[PDB]
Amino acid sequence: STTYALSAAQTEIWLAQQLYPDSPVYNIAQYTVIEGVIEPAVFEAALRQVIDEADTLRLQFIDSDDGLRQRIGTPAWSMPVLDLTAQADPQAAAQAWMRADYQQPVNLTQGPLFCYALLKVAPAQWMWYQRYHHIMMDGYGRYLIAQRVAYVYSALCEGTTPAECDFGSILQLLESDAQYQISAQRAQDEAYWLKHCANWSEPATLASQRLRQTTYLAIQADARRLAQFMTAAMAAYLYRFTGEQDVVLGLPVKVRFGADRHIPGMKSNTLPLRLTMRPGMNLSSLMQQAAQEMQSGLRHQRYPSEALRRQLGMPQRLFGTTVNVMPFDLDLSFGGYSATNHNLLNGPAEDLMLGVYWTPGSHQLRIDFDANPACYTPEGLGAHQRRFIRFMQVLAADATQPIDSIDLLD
């Protein structure tokens, strides 16, 4: 049958998993707590329909004489139904079962790349467990699969047939990438990114399993320009703390190649953003420089960052900090009962990841620091978060004030 090549990121994930077969670092996990009753047969039927709809769950990765390939197959899976109403601590028992699952390493060749389970923790409260592998799923695809599961289960439980899928097939992305691999546009993007990152520097970093610290706040001062402001603020903070005038940040971009719908499993492309800190620069100048730099690499955004890393002299990172500004995911409804999503495991740490979560029509922001434990301590991460948030509030208070004259308090 038709086999397809792995992306550079998928190849790196495969190689790192084979080098450390005992590490469950590539496992992505979450659970949906549903306040009500669930019919498990209908849920399994919906799970099976969406598995065939989000066919990235049907992907099989082989290592044949051709090389490391991927193809659409029929994966063998099961949906266990657990009852914890008789346990002394039902929620703790569900947490223990989920932790027993997502802490097991998974063999990529022939082993279940996803695991679906249902856990009854109360007479009117269930827990839908979802575990994937990083080689075929990200966070947004995870939420989209959960949402489609909720919709299809609700449709099947109240008789009506579910409306058509609004996902594209993963093979659309596979064919698009196969054509782009031999494109002249890819050669142009490669040349541009090798010229733009020519020589360069050490990534300005605060580097000194995953460490996660959350802070809530509201500030006196739109998603695109909130991302602009957060990028400029983190770059200025790195410049003020490390003393580096050339700061490189990672900015994930949803690559657009003509796909009408979203394809679960289609990863983002984290592009390096180079920002130069000249003396006497304010937040206005830094934000406009960031906008111009994002515009300069806009037509070249499809070149994968892993290829740019490997095609350079890197054994090992273009950037130490990535900035992710995204709204909160909408809460879900199963049949008619409420359900909230709760994260268990996400992608492994690339040094430091800054997540900025905002809600429409409100001033409140949520700031998440997801750091690599080998280069950050909890106390250091907390001090960095506090200092950065205070410095960012000072920035937002006056966009014309020079960054050099801002007090960096600890």
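Numbering starts at 1 and runs along the sequence shown.
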Fill in the blank from the handout: Residues of the deposited chain absent from the coordinates between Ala221 and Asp222 total 4 to 9
Practice task
With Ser208 and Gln209 adjacent in the shown sequence, let me know how many deposited residues between them lack coordinates: none, 1 to 3, 4 to 9, or 10 or more.
Solution key: 4 to 9
Completion exercise
Once average C-alpha B-factors are taken from the entry for 267-275 and 86-94, the winner is 86-94
Practice task
Tell me which of 148-156 and 280-288 has the higher mean C-alpha B-factor in the deposited entry.
Solution key: 148-156
Handout entry: Options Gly382, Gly361, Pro40, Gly355 - largest CA temperature factor per the record
Key = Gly361
Fill in the blank from the handout: Top Cα B-factor in this entry, restricted to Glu202, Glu244, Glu306, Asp189, sits on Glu202
Practice task
Could you say whether, by C-alpha temperature factor, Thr56 belongs to the lowest, middle or highest third of its chain?
Solution key: lowest
Problem - Chain-wide C-alpha B factor ranking for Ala371, given as lowest, middle or highest third - result: lowest
Completion exercise
For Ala29, the third of its chain by CA B-factor is the lowest
Fill in the blank from the handout: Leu344: CA temperature factor from the record, placed by chain third, in the middle
Exercise for the section: Grab the CA temperature factor for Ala5 from the record and place it in the lowest, middle or highest third of its chain. Expected result: lowest
